[PDB]
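Here's a solo chain for you in structure tokens, the form deposited in one PDB entry.
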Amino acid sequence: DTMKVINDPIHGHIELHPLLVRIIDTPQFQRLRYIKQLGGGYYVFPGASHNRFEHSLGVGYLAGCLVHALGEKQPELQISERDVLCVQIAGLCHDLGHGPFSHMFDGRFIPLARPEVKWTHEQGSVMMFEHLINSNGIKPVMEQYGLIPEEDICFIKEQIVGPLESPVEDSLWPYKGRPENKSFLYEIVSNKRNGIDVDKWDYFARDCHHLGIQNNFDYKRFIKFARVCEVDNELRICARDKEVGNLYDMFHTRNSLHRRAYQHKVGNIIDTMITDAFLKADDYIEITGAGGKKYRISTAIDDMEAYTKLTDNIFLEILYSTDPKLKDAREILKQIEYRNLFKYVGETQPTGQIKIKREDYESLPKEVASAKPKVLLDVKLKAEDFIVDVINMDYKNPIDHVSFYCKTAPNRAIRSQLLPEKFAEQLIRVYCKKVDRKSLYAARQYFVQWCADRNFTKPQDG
């Protein structure tokens, strides 16, 4: 067993430690070759055929790079090759939990199928990671290369999903994989506080590569000039002051990707259509899991053996099906091929109001059809004619939450409107399955009255 070299269009030659290779060459990891990074965006952006597998490789590579650079610059931090391998594995496996079409699956489908359950792709990543280890004898390999499986598995899972929870006192280091003097390690793969992690670096670069958008962030420069420094008796990753411009570009790039691609109107309508087909197919598709037990699309998340076989393939399985009981679902997918899509009715925001929770998504269409427009309208619409799409931008923490250092005093952190505009953390769009112009006028009337009733933003276009 020796290292391997993979040639990647974003990162060039990426070296893989044999333990990482052993983890990658499993059904549980190879599964990610069959889940598109951007879900339905590929039906708007023909270049966006990339899957979660290559992005995961990139994230592992970048995690290794950043942590090694910090160790080389600062021996005093006592970063060991064991720590590097654990951070690399966490970067590799952070997206194991994604379902078909990525953010579509846990963002919208599962809430609509089982409003009662609380599912995230991060929980799924933890579950798939455990399953991959116990299905492939990874623990002896980990030991072979100096890892301590109990502690280090806990550390990886903590990087992926976060602390054990049970806040309780909260004045105390909540993690168990590593102690406080290695806190900065938890800031590499997934950093919620300020929004700078190697995961975002890779998918910013990769999505820009595949979409045709320019990426002005130089992650390599940032890695070169990153260090560890002291803030409030804690240790954090900080950037050289001279890097401010780089960060500006990063944030702007983020904004562009969100505005032009991630919340593209037609792409999200198509995500909605695919989810509708999945909902109308859920009762009739079986996925065989542990013990030959059958599962549905919406319940495969409860058995990782079944989840392992749940990918974008399900789309085609519905499209190619001959079962009469699936015809409904099939038809919707066929409308996608013929480009007979749901009609965009409008957009609104819950500005100043409580935001819409996942557990309530299913109730929204009914609400819309229950609005009473103050005109005859001579055309009545039902709940199933409406789609309500809730688009959440998940980060209010600009550059301000970043720590900087001077080349004069590297160990200590330092104490404009040109920064990117705010994110509008929740958008609510409505589409109509009926396409005749009378039905669309009626649907718009219903939508405007519904926004009035909910005290949401008055829709534009009027």
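For every residue, the number given is its place in the sequence shown, counted from 1.
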- Query: What size is the break between residue 422 and residue 423 in terms of deposited sequence residues left without coordinates: none, 1 to 3, 4 to 9, or 10 or more?
  - Reply: none
- Message: Test of understanding: from the entry's C-alpha B-factors, which stretch has the higher mean, 244 to 252 or 88 to 96?
- Response: 244 to 252
- Looking only at C-alpha temperature factors in the entry, 452 to 460 or 4 to 12, the higher average sits in 452 to 460
- In terms of CA temperature factor as recorded, identify the highest of 108, 374, 157, 178. 374
- Residue with highest C-alpha B-factor in the PDB entry, from 236, 258, 358, 131: 236
- Message: Test of reading the entry: by CA B factor among the chain's modelled residues, which third contains residue 418?
- Response: highest
- Message: Using the temperature factors of the C-alpha atoms in this entry, rank residue 362 within its chain: lowest, middle or highest third.
- Response: middle
- What third of its chain, lowest, middle or highest, does the C-alpha temperature factor of residue 264 fall into? lowest
- Position of residue 427 among the chain's modelled residues by C-alpha B-factor, lowest, middle or highest third: middle
- Query: What third of the chain, by the recorded C-alpha B-factor, contains residue 232?
  - Reply: highest
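The discussion below concerns the form deposited with a small molecule bound, not included here.
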- Proximity to the small molecule in the deposited bound form, single hit among 317, 385, 305, 199 (heavy atom within 4.5 Å): 199
- Heavy atom within 4.5 Å of the small molecule in the deposited bound form, from candidates 114, 280, 103, 227, belongs to 103
- Task: Please check if residue 38 has a heavy atom lying within 4.5 Å of any heavy atom of the small molecule in the deposited bound form.
- Result: yes
- Query: Within a 4.5 Å heavy atom cut-off, is residue 262 in contact with the small molecule in the deposited bound form?
  - Reply: yes
- Task: Give a yes or no for residue 284: in the deposited bound form, does one of its heavy atoms lie within 4.5 Å of a heavy atom belonging to the small molecule?
- Result: no
- Query: With the cut-off set at 4.5 Å between non-hydrogen atoms, does residue 95 touch the small molecule in the deposited bound form?
  - Reply: yes
- Note on the structure: Partner contact check in the deposited bound form: of 253 to 261, 325 to 333, 369 to 377, 131 to 139, the stretch with a heavy atom within 4.5 Å of the small molecule is 253 to 261
- Query: All three of 83, 182 and 186 touching the small molecule in the deposited bound form at 4.5 Å, heavy atom to heavy atom?
  - Reply: no
